[PDB]
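K.L.:
give the three-dimensional model of this entry:
(chains A, B, C, D, E, F, G and H, ligands or ions: 34)
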Amino acid sequence: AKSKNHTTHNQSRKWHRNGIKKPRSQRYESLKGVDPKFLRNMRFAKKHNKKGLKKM
Amino acid sequence: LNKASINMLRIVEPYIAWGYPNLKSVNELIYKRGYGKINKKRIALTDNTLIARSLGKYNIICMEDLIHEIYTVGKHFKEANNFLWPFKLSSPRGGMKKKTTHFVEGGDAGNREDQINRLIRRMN
Amino acid sequence: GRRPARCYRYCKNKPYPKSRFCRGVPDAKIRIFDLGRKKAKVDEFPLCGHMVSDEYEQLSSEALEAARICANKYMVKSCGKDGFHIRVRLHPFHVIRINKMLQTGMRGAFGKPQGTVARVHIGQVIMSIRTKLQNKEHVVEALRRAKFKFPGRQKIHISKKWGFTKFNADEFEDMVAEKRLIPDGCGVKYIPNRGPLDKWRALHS
Amino acid sequence: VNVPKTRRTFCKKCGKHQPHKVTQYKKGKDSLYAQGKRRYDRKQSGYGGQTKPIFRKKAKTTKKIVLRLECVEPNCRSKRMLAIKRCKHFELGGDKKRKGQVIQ
Amino acid sequence: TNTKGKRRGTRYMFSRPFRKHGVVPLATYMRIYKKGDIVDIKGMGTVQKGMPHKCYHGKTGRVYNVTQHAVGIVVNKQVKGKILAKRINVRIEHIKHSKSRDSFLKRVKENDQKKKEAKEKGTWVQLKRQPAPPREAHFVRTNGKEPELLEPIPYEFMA
RNA sequence: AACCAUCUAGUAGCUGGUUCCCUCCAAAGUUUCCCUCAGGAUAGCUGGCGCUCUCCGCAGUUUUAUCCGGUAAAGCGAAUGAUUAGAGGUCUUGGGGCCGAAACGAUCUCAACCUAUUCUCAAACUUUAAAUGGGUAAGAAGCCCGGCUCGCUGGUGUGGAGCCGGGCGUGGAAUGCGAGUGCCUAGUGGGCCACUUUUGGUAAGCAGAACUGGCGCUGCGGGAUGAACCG
RNA sequence: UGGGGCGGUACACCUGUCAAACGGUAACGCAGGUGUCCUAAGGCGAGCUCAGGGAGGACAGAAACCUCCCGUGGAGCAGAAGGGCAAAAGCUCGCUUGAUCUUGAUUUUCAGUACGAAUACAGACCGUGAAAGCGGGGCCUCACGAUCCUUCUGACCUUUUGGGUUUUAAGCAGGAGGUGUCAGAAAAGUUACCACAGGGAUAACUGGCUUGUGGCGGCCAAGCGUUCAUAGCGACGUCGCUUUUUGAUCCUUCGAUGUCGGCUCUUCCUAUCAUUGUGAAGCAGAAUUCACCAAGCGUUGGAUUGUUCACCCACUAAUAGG
RNA sequence: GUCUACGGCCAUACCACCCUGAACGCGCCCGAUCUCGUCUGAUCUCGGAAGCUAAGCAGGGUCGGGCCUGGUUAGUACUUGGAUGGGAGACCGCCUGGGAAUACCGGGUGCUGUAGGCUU
Ligand SMILES: */N=C(\N)N(C)CC[C@H](N)CC(=O)N[C@H]1C=C[C@H](n2ccc(N)nc2=O)O[C@@H]1C(=O)O
Ligand SMILES: [Mg+2]
Ligand SMILES: [Mg+2]
Ligand SMILES: [Mg+2]
Ligand SMILES: [Mg+2]
Ligand SMILES: [Mg+2]
Ligand SMILES: [Mg+2]
Ligand SMILES: [Mg+2]
Ligand SMILES: [Mg+2]
Ligand SMILES: [Mg+2]
Ligand SMILES: [Mg+2]
Ligand SMILES: [Mg+2]
Ligand SMILES: [Mg+2]
Ligand SMILES: [Mg+2]
Ligand SMILES: [Mg+2]
Ligand SMILES: [Mg+2]
Ligand SMILES: [Mg+2]
Ligand SMILES: [Mg+2]
Ligand SMILES: [Mg+2]
Ligand SMILES: [Mg+2]
Ligand SMILES: [Mg+2]
Ligand SMILES: [Mg+2]
Ligand SMILES: [Mg+2]
Ligand SMILES: [Mg+2]
Ligand SMILES: [Mg+2]
Ligand SMILES: [Mg+2]
Ligand SMILES: [Mg+2]
Ligand SMILES: [Mg+2]
Ligand SMILES: [Mg+2]
Ligand SMILES: [Mg+2]
Ligand SMILES: [Mg+2]
Ligand SMILES: [Mg+2]
Ligand SMILES: [Mg+2]
Ligand SMILES: [Zn+2]
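P.N.:
Residues are numbered from 1 along each chain as shown, chains lettered A, B, ... in the order given. Ligands and ions are numbered 1, 2, ... in the order given. Coordinates below:
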């Protein structure tokens, strides 16, 4: 029972019916995978904005 | 016309027949078979009210102003043409020479500058 | 012994020359590719005659051999032992394979080497014959008799070139008198103006 | 291969690098009073024969050699295992190879 | 079946050009990359450490992260029908500032200039780009001599 | 390895059959894993149920900018690798002679080497090198001002990022069009034909791929006749 | 699995090509490799520059050692090939062991799940170097493995049952013992005494397409034929036809197309063995050769072998082929 | 005009050979006591400044080689898409659009940033 091994014949047509959708673009990405030393420091900054509030 | 449009018409040359139409052909087409796209509906261009309601903001109140913009490709072409529903022309009286080939090799496809008018008179 | 030429006519596959990979090849038939009076100056044999192919096909080495031999024989009978120089211009590099059937069957069928053959494009020269313009028709009759070994269709065209050069015959003598071109055995050296000038001095002195 | 017996490396408890005495690892004697052995022996007992599988396709030749790293200072004496790549030949501290020598 | 090796079909891609082997010019290192800067990729054989995978070759993205000597970078890879934005750690040597965005930014700056001026005057300057138009009518002065007559040459067989 | 009944309606990835109308939508024979190749799962394709907004967003498209690419061709007087032909050299050396014992004395030579030339080539050689194509951008998520925080880094109220507060609308290429989103979900996983490129094979209505479209799911006019041809 | 079997491993891996200029792509297609090796062939720093060739010098010689000059890499870097490298990734010295401890993030295969492999950062202790730095194995691209069980190391760690102590066991975290049919059953043969479900997804006859092989036939004319190429032949080469051989293929049928030969019997094809009519001969006659029209009418009796085929005796006008 | 230290682009800057260089620098140059390293104070390290541009370096030169850039090669080869176009096949022609490479013949031979010199 020999049988055909591989093809890519009607695949394009399948993909384009529902569409080659772009990745949902979004402002504000996560900050996952960002150098912890920098991130630590930004966290401490947001923590201490409160102290220098009155001047603003 | 412009580079942007003409390159697409090149890419589909074999399926179309285009050219430079005359004023009378514009009259015949608009007047006889004018149907506007009003509220997503194919409604017949029988009174100017139907135009004033939609295009009053461009001082377009009648068939004539419309013609003027079309022949003089004025400012507000986009709106004037998108208002017009694709023209349902009939089968050509007299016949066609040969659908498959280009005009130069004795066919109908492609740019046949002026002879489009002769073809319109045979199709309308 | 060997097969007919219907099998290896058309340019089907890619070129599969002898190399590192294909070894164990039996040697080609045609080894002496030119003959006549090869030891001969350019000026004495002006007239050239080509045999032009007109089909994108493969000619065998065996036909090259037979045709060379028959042309030699006729020219020997006609124009004597020292009145020409034949030059075959088609070295056969493409290797042809053969699928032998000795119970395995058709599986793993990749051929052993049978032999060589030369690929040809339209307008490529096969043979050339240089002698004087006097013996033009006899050259013609030799090449017309040689057509019958090869297949297809080929035209017999007399060349405009003076011998085996890329320079036309009418302006040639003026160029040689003023020493642009210089004979150098069978070949001929084109002198430009770009070299150093003391060479030009050595030339005219 | 050949590797030297002393190695200077990390200790978790001390926190520093300190010398370690190196020696290769061995399998212990299988305990009779473990849990798995009690379970086997009770299932295998009585009629029914071989209950659990016996592996028979020993394909590959070599092991990963393991090192028992004893710390040298008398307070610690803490050991720890250290794995290495496959090797056929092996030896401890045998003739650290010379350079620029003659062959006989 | 082919193999799924990392450097398959990279005999020529990474090979450095002719008479441009050797040392890497130091601008490459000593130039700076901000966040959100649009950056295009070009592999390089000399440095084997931190090469991107050949698929991302050519692709251009924007920089989401920075380290001592490298940048994480967002690219849109197509797989069987869905695209995936995915992030790659590339050492600097394989990288260039793509200059596509700079001309646009020049045009915004030009419009704010051209709007501040020709504002008080009241002249309405064309801001928009307007596609290549149909060329206008003109006169061809045949000053004197007449057109040279071209004739189709007759055939002649060189070969 | 007898006969009767019971356990027994014993299991089956295998054949076979499976009961009224109309209306609406409408497929696959491909990926990866499996003692998997007459079978499943799993992604893919499909339907139905809805929901959030609409009367700024998106597109199998072009244009303008800007990168990427190493096939066709062409090349060997350029690299690598084969390869034919004659010229000029002296010894950089040698085989047959001949007057020479021999001898780079000479002597005919013919040999290899060196220099300018010349005929022919390359899927696993290439300096050059296209057409078709693949990417990224074409503005409010933007530009420009005024100012706070930092345990990071730093000659420097430096750099960088982050924080607040105001100000600019001709919305910044052509064309078209309503978008987004979440649940549950059956069947299929035996394929095939034609234009072009292409591999094995002498070839085959043969075997194995790419790109696009059809048949299978689809009747019609023509080709007398025909699953795939032309309309 | 181009019927199965026997044979290969294309059953997990890696390089180059095939690939049609992004990437991705198949055949029991091609050319090839792997189940290791390393105490340094790993890690820093300094200093050196290779292959090959030329001219010289006792023994010395084509080839031993010293010296000057040229030397874009023509050598070398453990290994397959491919890419990469010159005050270096090569070669020689000096000191060392980041081949260590530990969280998570990402890339490659991809279902975008795992293993493996690797890349950017971060926190500790270190190494080296005057110092900027560099280093968490081998210049890059391959060298390897789940649950369950056992085993070792680790904390003044938890439980061991009505309470308390102490042995033992069970827990927790991290390595190892191995599954190569490599996402991992624990496994030898025969049936012609045979049995059951099904298969034209799959052979052994016929039928179809192809014609290598076989059979027949053309073109050129170097030579035989005394002579003279072509009366009769025709090499080295080359172009076609046929489907009575043989092979290659699997579209049809496995809920059954009765499978070798002989006997008997009809008709049919022509590529003419003989007869009728005629051309040509190195045809005097006879006998014998080559070719055209032509297939209406004929083409045997027997020994041996299951034989078709083969070989032989005897008559004949002839004992042609399908 | 021109140079030095540190450079960016990395041959219009390289190679070969010939000619000329005012002033300070750059160089060559003479020594080994200490620091330092050698088979050897030649190289490397250190202490001097009588002599000289011979060389290095610079600039110019060569119907030079090369490299860089143009024309020619050529609207050829090749190619996206089309047709009941041809042809026994091989292959070929046309429409619509894109468009190359040698030989050959011309031209060119470093640009420049900071700081500091000489011509006081
Ligand atoms: N026990 C004896 N003596 N014999 C001969 C075997 C009997 C078996 N059981 C029956 C049989 O006939 N076996 C044959 C059948 C066909 C098969 N075969 C035929 C043809 C081809 N091309 N291939 C095949 O495989 O071979 C079997 C055999 O001979 O073993
Ligand atoms: Mg009528
Ligand atoms: Mg082929
Ligand atoms: Mg028992
Ligand atoms: Mg039942
Ligand atoms: Mg039953
Ligand atoms: Mg059945
Ligand atoms: Mg390639
Ligand atoms: Mg080519
Ligand atoms: Mg289901
Ligand atoms: Mg097929
Ligand atoms: Mg099939
Ligand atoms: Mg359909
Ligand atoms: Mg249809
Ligand atoms: Mg018909
Ligand atoms: Mg059609
Ligand atoms: Mg159609
Ligand atoms: Mg099987
Ligand atoms: Mg590719
Ligand atoms: Mg491609
Ligand atoms: Mg660290
Ligand atoms: Mg290495
Ligand atoms: Mg388990
Ligand atoms: Mg398994
Ligand atoms: Mg034959
Ligand atoms: Mg004769
Ligand atoms: Mg079948
Ligand atoms: Mg039946
Ligand atoms: Mg029957
Ligand atoms: Mg006949
Ligand atoms: Mg000295
Ligand atoms: Mg000097
Ligand atoms: Mg020059
Ligand atoms: Zn310790």
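
K.L.:
which stretches in chain C count as helices?
P.N.:
C:61-79, C:136-146, C:172-177, C:197-204 (DSSP state H).

K.L.:
hang on, I meant chain A
P.N.:
For chain A, the helices defined by DSSP H occupy A:11-18, A:36-47.

K.L.:
kindly report the same for chain E.
P.N.:
E:27-30, E:100-116.

K.L.:
any chance of those helices in CSV, plus distance to residue B:70 and mean neighbour count?
P.N.:
Yep, even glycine has a C-beta here, placed from its N, CA and C like the rest. Conversion of the helices of chain E to CSV gives the following (distance: least, C-beta to C-beta, whole Å; neighbours: other C-beta atoms under 10 Å in any protein chain shown):
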stretch, distance to residue B:70, mean neighbour count
helix E:27-30, 57, 10
helix E:100-116, 32, 10
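
K.L.:
determine which of those approaches residue C:53 most closely.
P.N.:
helix E:100-116 (52.1 Å; C-beta to C-beta).

K.L.:
and the helices of chain C as CSV, adding distance to chain A and mean neighbour count?
P.N.:
Formatted as CSV, the helices of chain C follow (distance: least, C-beta to the nearest C-beta, whole Å; neighbours: other C-beta atoms under 10 Å in any protein chain shown):
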stretch, distance to chain A, mean neighbour count
helix C:61-79, 40, 17
helix C:136-146, 51, 17
helix C:172-177, 62, 14
helix C:197-204, 66, 9
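
K.L.:
between those helices, which gets nearest to chain E?
P.N.:
Closest approach to chain E among the helices of chain C is made by helix C:136-146 (14.4 Å; C-beta to the nearest C-beta).

K.L.:
chain center to the closest one, what's the gap?
P.N.:
Distance of helix C:136-146 from the chain centroid (C-alpha atoms, centre = their mean, to the nearest Å) equals 16 Å.

K.L.:
for residue B:50, give me its contacts.
P.N.:
Listed by C-beta atoms under 8 Å, 6 or more residues apart in numbering or on different chains, the contact set of residue B:50 reads B:36, B:38, B:43.

K.L.:
what about it, which helix or strand?
P.N.:
Using DSSP states H and E, the element containing residue B:50 is helix B:49-55.

K.L.:
return the distance of the closest residue to residue B:68 other than its chain neighbours relative to residue B:67.
P.N.:
Nearest residue to residue B:68, sequence neighbours excluded (C-beta to C-beta, 6 or more residues apart in numbering or on different chains): residue B:74, at 7.2 Å. For residue B:74, the distance to residue B:67 equals 11 Å [C-beta to C-beta, to the nearest Å].

K.L.:
spatially central, which residue of chain C would that be?
P.N.:
Nearest to the geometric centre of chain C sits residue C:89, at 1.6 Å (C-alpha atoms, centre = their mean).

K.L.:
which ones are touching that one?
P.N.:
C:125-128.

K.L.:
may I ask which two of those are separated the most?
P.N.:
Taking C-beta to C-beta, no two of these sit farther apart than C:126 and C:128, at 8.2 Å.

K.L.:
one step back: ok, which of the contacts of residue B:50 also contact chain C?
P.N.:
On the criterion C-beta under 8 Å from any C-beta of the partner chain, none of the entries of the contacts of residue B:50 sits beside chain C.
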